[PDB]
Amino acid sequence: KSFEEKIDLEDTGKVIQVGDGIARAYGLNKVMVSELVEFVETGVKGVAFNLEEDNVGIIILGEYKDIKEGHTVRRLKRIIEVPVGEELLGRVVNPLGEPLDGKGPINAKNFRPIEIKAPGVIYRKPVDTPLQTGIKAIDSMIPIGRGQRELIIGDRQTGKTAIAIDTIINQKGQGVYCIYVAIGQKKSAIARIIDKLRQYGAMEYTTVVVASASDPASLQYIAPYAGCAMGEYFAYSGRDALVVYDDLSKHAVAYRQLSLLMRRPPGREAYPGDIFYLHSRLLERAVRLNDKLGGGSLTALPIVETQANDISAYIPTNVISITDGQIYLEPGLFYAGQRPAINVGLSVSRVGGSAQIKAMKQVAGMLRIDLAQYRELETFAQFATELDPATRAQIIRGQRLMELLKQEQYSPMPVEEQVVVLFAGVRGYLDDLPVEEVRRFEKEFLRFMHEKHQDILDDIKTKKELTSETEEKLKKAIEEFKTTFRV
């Protein structure tokens, strides 16, 4: 036994490469992803991010300058935890839960691990309650239900963050705790977003997790897992949470950079790319739980950035496949002034449709049909030698409906208002106005409804359907408004 191996290879390891806040270890054969380890000599801790045999990747938490090749590493057998709960509402934190807003310590009473295994179907029940974004295009055509996974995808500067942040702003009074995860964005941009969340009153029920462009890849990589945990605190305690991952494209880039920081062991240059599994694990944690587990939910809104609208690229293909629905944004729409720049024909939300309230179902069906007919006709309309009156009417209706789907940033709309405005459209009441005046008509109409017909809005709101009685009154209110509207 003069030269026998001294260490336990399952729970103990040896640093074989260290630098730029990362280490690679021999041993630690039984370590799991996101498990804490300790560098014995220095007392510093780390978190496992890669389980390659005898080449385990470790994110060093804190001072890495003192860690040397040959140092012993020991499993702590604990998944790294973050503070979660009410104490984080109103706060801006990094992925480890440290405050970044100057408001003092968090003093959290609860903690959760950044990784858990997503519960199986036995623990879930069907999505049955809406998550109102307050954005007409989505709430009508791409309804989201609480517990689902909805992708927001499109090129840079198409309005992706805007949808997400407006959705958050709209959760005031909706009973939804919100977690906004900024991954890889510039500090300056993130600051602006936090300011808007503050200004529009969202921070009361919102936690912002930041790992900026200037933060290490390691923090960017941990960010969404920490954010999910923070949301799970509510989901698993009979409450509803929404977590925004902005964005998973930058997250994939950070995970890739982490892997590239250490060199490959000689004679093995290709370990598999499991970014698909990383995002799959993250998103499966969106859940609609059963009654025995409290009935709460966690809705996920991952964001993916495309290049040249290439939704066939790798990350896009991955996340499209592991989400229940997709909202597609496009630069052509954006540039034409169709904002939000959502392609409502291509976008889809399977699981949300049944959860959508009845009042909205009552107007979304016709909307969808009218837009379908419009887009068919637009195939050839501009090259038609002539179009009959009926066809012209269908085009006009369609142009009016598209105009109604335009909406300014930071202005999410109550569902009952969406309903009466979309009713006016689908029923033809904007057909005789110039298209350029639809926005104003909408603005003036809704003032008019509060001023003279609040009881209609109240009824739709309370009943969540448009009854025949209220429908008739609505028809008359619209006609009444038109009476005085100045074209």
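Numbers for residues come from their place in the sequence shown, where the first is 1.
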Quick check on the record: does 350 to 358 or 208 to 216 carry the larger mean Cα temperature factor? 350 to 358
Hey, which bit's got the bigger mean C-alpha B factor in the entry, 433 to 441 or 58 to 66? 58 to 66
From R91, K125, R198, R149, the top C-alpha temperature factor is at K125
Note to self: of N107, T385, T133, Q407, the C-alpha temperature factor tops out at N107
Considering only modelled residues of the same chain, in which third does the CA B-factor of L28 rank: lowest, middle or highest? lowest
When the deposited Cα B-factors of this chain's modelled residues are ordered and cut into thirds, is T391 in the lowest, the middle or the highest one? lowest
Considering every modelled residue of the chain and its Cα B-factor in the PDB entry, is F111 in the lowest, middle or highest third? middle
Splitting the chain's C-alpha B-factors into thirds, which one does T379 fall into? middle
Of the three thirds of its chain by CA temperature factor, lowest, middle or highest, which one includes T299? lowest
